[PDB]
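# Inside the fold
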Amino acid sequence: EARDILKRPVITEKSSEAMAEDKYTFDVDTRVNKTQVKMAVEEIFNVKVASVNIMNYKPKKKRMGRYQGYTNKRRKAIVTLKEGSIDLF
Amino acid sequence: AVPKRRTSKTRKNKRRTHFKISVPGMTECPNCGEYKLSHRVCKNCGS
Amino acid sequence: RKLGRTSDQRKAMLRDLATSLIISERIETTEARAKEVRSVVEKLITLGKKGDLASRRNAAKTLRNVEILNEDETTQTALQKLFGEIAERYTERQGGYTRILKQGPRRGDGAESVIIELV
Amino acid sequence: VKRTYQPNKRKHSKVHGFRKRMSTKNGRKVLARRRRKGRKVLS
Amino acid sequence: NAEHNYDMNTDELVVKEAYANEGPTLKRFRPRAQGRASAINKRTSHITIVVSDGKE
RNA sequence: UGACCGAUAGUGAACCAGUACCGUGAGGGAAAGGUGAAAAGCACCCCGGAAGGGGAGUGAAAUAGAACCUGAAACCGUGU
RNA sequence: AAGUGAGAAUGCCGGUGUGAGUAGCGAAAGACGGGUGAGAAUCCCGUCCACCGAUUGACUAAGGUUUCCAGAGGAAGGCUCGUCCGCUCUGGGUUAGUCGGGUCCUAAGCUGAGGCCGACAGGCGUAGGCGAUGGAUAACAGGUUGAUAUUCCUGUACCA
C-alpha cells in the first residue's frame, strides 16, 4: 500500500495561503484513519510530519445541464510538517 | 349569483363598444424636432 | 386641504420634504405632494425675513433639528443657512416664492412627476 | 395548530428499517413483493 | 427594412395593416382556501406591422 | 408463423417506468415516438441591450428552421 | 371474415371558451440626495424619521440536507417591478487528547443456549446479551478570514 491511499492534491486559493504556514492538503481514501496517512507521507516524501487534520465531505446534488444525478464523497486531510519542504506545486 | 346562461360573441362584443383609450394632446414643440406633453417639457422638445 | 396617510404620518412627511427642499435647492416628487409643500415652505421663508428671536423659536417647531450641511464643509444646521442665506436673498412680495415644472409620468405607476425649485 | 407526523430519525429506523422487517416472517414477505415489483427503495 | 432593402422614402410612408395573433400560453397554479387550488394562464402575442406608400 | 395491435391501440412501461408525483406505513401509480437523402443546423449585411425579425445563402422544397412529415374542428383576429 | 356505424350514461381523456379586464394581490412609516445601467417608486451608498423592545434580541437541541461564500445572467421563477435574489451557470467552503457522541455502567422494556406449551406457523421463559432521557471520565486569555473556531495560530495548563 502507501501509494493508493493518496489520490490528488487540492490546488485552490485557500491551500496556496496554507503553504506559507507549511500546511499541504491532500485527497486521501474514505477508509484510511489519521495514522495511515502519517506513514504514507513520511515515506513517499521522507519528511518528519508534526500533526494531521481530516474532515468528511457529503455528496452534492447534480445539474440541469445533464440529468438528475449525484456526486462522489471526498475526504480531505491537512498534513503539516515543521522541518521538511514541498513535494508538489 | 351565477350566470344562468352563457353570453354569445355578439352580446360580448356589444359590451366592449366604449372600452377604449382616448388620443393625447400632442403639443408639437415650436422648433426642436421633438414632441412635448400638453403643458409639460422634455429633454428633446425645446419648447 | 389634501391627505395621503394618517394625521401623524402626514405631518412628519411634510416636515421631512420642507427640510429636504431647504438644503438641496431643487427636488422632484409627485404632484399632490408638490402642491402641499408649497404652503409650508413659503411660511418658513416669511419667518426668516423678520429675523427676530420669537420667529427663530417658532421656525424650530417644523424644521428638523439635524441634517448638518455637508456641501458647506462646516456645521450648518439648516436654520442658520435659512436665517442667513435664504432670508438674505429674497425681497419680493411673495416672500419665499417657488415655481413648479411638470414632466412625464413614472414607469412604476402613473403618478405625474414634477420638480419644485426655489425662486 | 399541532398537526400529525412528527419527524424523528431514530424512531423512523425503529418501527421500520431493514433489521426490523427481517426479524419476522410476515414482514419478510413485504421485502419480496417490493423486490419483485422493482421498487428502487426497500424500507 | 424599407430604407436598406428598398431604399424608399420615410416622410411619404403610411402604416397599412397592424394586428396581433395569439401564441402558446403557460399553465400555472395558485393555492386557494380549504385545500383546493385554481389555475393561471400566461398568454403571449405575435404583434405584426406592415408599412406601405399608398400604392401597390 | 398470424383474414393479431400500429402510439387514447399493444404490456402499467416503443422515450427520462415501477420513474415525476401521493401516503407515517402496507401501498397507489402517470404524461411523453416522426426536420432532411446527407447538418449541407441560416457565412455575411440592416433594426434591437438581447429575444426576434427583413434581405442573402444551403436544399427538390425554408408557409421542412429543432413550437421542425401531413395540420381537421372548437376558439381568436385583419381586409372586404 | 368481423374489435363494423355515436348526440345524450351528474360517461373517461385532451384542447379551448363564457363569467371579465371582473374578485383578489395574505405582519413596522417612510422622505430626499448621489451612483449604476438600453430601461429604476422596487438594486447600491448617505443623512433624517419610525417600529419591536421578557422581544420580529442572543445562544444550545430536534428536524431539513448545500438553501452557505465569490464571479457571471435568458428567459422560466418571485401574486407588480428588477440592473436584485433562499432561482439558473462556473469555481469554492466544515481542521478537536480535553466540545457534543461512540467507548465504561445500569432502569422500563426487547431479545434469550439448555427448558416448558402448541395442528404447523409459532407463543412463553432461566443465567446471559442489548438498551439513556440518569451515573463515572481532562481548558482557558487573546489574535486573526469573502466563507471555520474552546477545533487554525499565540501564550499557558490538565488527563491517559
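Residues numbered from 1 in each chain as written, not as in the entry; some residues may be left out. Chains lettered and ligands numbered in written order. Part of a larger assembly, values for the part shown. Heavy atoms only, no water. Residues with missing side-chain atoms left out of burial classes, pairs and counts.

As a further point, take the overall build of chain C. Across its full length, chain C carries five helices and three strands. Each of the three principal axes of chain C carries a C-alpha extent, and together these read 45 × 30 × 30 Å. Restricting to contacts in chain C with at least 6 residues of sequence separation, those with at least 24 account for 55%. (Helix = DSSP H or I, 4+ residues; strand = E, 2+ residues; numbered from the N terminus. Contact = heavy atoms within 4.5 Å.)

So, about the sheet that holds strand β3 (residues 112-118) of chain C. All names here are of chain C. Judged by pairing direction, the sheet is antiparallel, and its three strands sit side by side in the order β1-β3-β2 without closing on themselves. If you trace the sheet from one side to the other, it starts and ends with β1 (27-29) and β2 (98-105), each paired once. Sheet twist, expressed as the average angle between the axes of neighbouring strands with direction ignored, equals 25 degrees. Sheet topology places β2 next to β3; six bridges connect them, and they run antiparallel. Counterpart to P105 in the pairing with β3 is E112. (Pairing = 2+ DSSP bridges. Axes fitted to C-alpha atoms, helices over the stretch in contact; angles between N-to-C directions.)

Let us look at the pairing of strand β4 (residues 74-81) of chain A. All names here are of chain A. Sheet analysis places strand β2 (residues 24-28) next to β4, joined by four bridges and oriented antiparallel. When the bridges of β4 are listed, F26 appears paired with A77. Two elements, strand β3 (residues 49-57) and β4, share eight bridges in a ladder whose sense is antiparallel. Following the sheet pairing, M55 is matched in β4 by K76.

Within the element layout of this structure, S52(E) appears in strand β4 (residues 45-52). Discounting chain neighbours no more than four positions away, the residues touching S52(E) are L13(E), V14(E) and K16(E).

Let's shift gears to the nonpolar core. All names here are of chain A. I5, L6, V28, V37 and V79 are the most contacted members of the largest nonpolar core, which totals 15 residues. Going through the elements one at a time, β2, β3 and β4 are the ones with two or more residues in this core. Once you skip the residues sitting within four places of it in the chain, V79 turns out to touch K23, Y24, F26, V41, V49, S51 and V52. (Core = buried A, V, L, I, M, F, W, Y, C linked by side-chain atoms within 4.5 Å. Buried < 20%, exposed > 50% of the residue type's maximum accessible area, 1.4 Å probe, protein only.)

All names here are of chain E. Within the fold, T25 resides in the loop between β1 (14-22) and β2 (26-31). A C-alpha to C-alpha distance of 35 Å links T25 and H4, two positions 21 residues apart in sequence. If we skip the residues at most four places from it in the chain, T25 touches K42 and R43.

Residue and element names in this part refer to chain C. Sheet topology places β1 next to β3; three bridges connect them, and they run antiparallel. By the bridge assignment for β3, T29 is matched with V114. Hairpin connection between β2 and β3: a loop of six residues separates the two successive antiparallel strands.

The next subject is the protein's contact with RNA strand F. Close contacts around RNA strand F come from 16 residues, with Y67(A), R33(D), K37(D), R39(D) and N5(E) the closest. Restricting the count to atoms of RNA strand F within 4 Å of the protein gives a sugar and phosphate share of 57%. One of the side-chain nitrogen or oxygen atoms of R34(D) is found 3.1 Å away from a base nitrogen of RNA strand F. With respect to RNA strand F, the side chain of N5(E) contributes an N or O atom lying 2.8 Å from a sugar or linking oxygen. Partitioning the surface near RNA strand F into residue classes produces three nonpolar, five polar and eight charged. (Near = heavy atom within 4 Å. Polar contact = N/O pair within 3.5 Å; in protein donor to acceptor, adjacent residues only side chain to side chain. Nonpolar A, V, L, I, M, F, W, Y, C, P; charged D, E, K, R; others polar.)

It is worth spelling out the sheet that holds β2(A) at this point. All names here are of chain A. One open sheet accounts for four strands, arranged β1-β2-β4-β3; its pairing is antiparallel. Only two strands of the sheet have a single neighbouring strand rather than two, namely β1 (6-9) and β3. Averaged over all pairs of adjacent strands, the angle between their axes in this sheet comes to 30 degrees, without regard to strand direction.

As a further point, take the packing of aromatic side chains. By the definition in use, this model includes one aromatic pair over all chains. With centroids separated by 6.1 Å and ring planes inclined at 55 degrees, the aromatic side chains of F26(A) and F45(A) adopt a geometry described as tilted. Of this pair, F26(A) sits in strand β2 while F45(A) sits in the loop between α1 (41-44) and β3, and the two are 19 residues apart along the sequence. Its guanidinium or amino end placed over the ring of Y57(A), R74(A) lies 5.0 Å from that ring's centre, counting from NZ or CZ. In this structure, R56(C) packs its charged tip against the face of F83(C), placed 5.0 Å from the ring centre. (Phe/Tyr/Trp six-rings, centres within 6.5 Å; stacked < 30°, edge-to-face > 60°. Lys NZ or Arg CZ within 6 Å of the ring centre and 35° of its normal.)

As a further point, take helix α5 (residues 79-86) of chain C. Each α-helix turn comprises 3.6 residues. Residues three or four places apart therefore point the same way. Of all the residues in α5(C), the buried ones are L79(C), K81(C), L82(C), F83(C) and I86(C). If you follow the buried residues of α5(C), they end up packed against α3 (42-50) and α4 (53-59) of chain C.

Residue and element names in this part refer to chain A. Relative to the helices and strands, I54 resides in strand β3. By relative accessible area, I54 is classed as partly exposed at 27%. In this structure, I54 is in contact with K34, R75, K76 and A77, ignoring residues within four places of it in sequence.

Everything listed is a geometric property; what it means functionally is a separate question.
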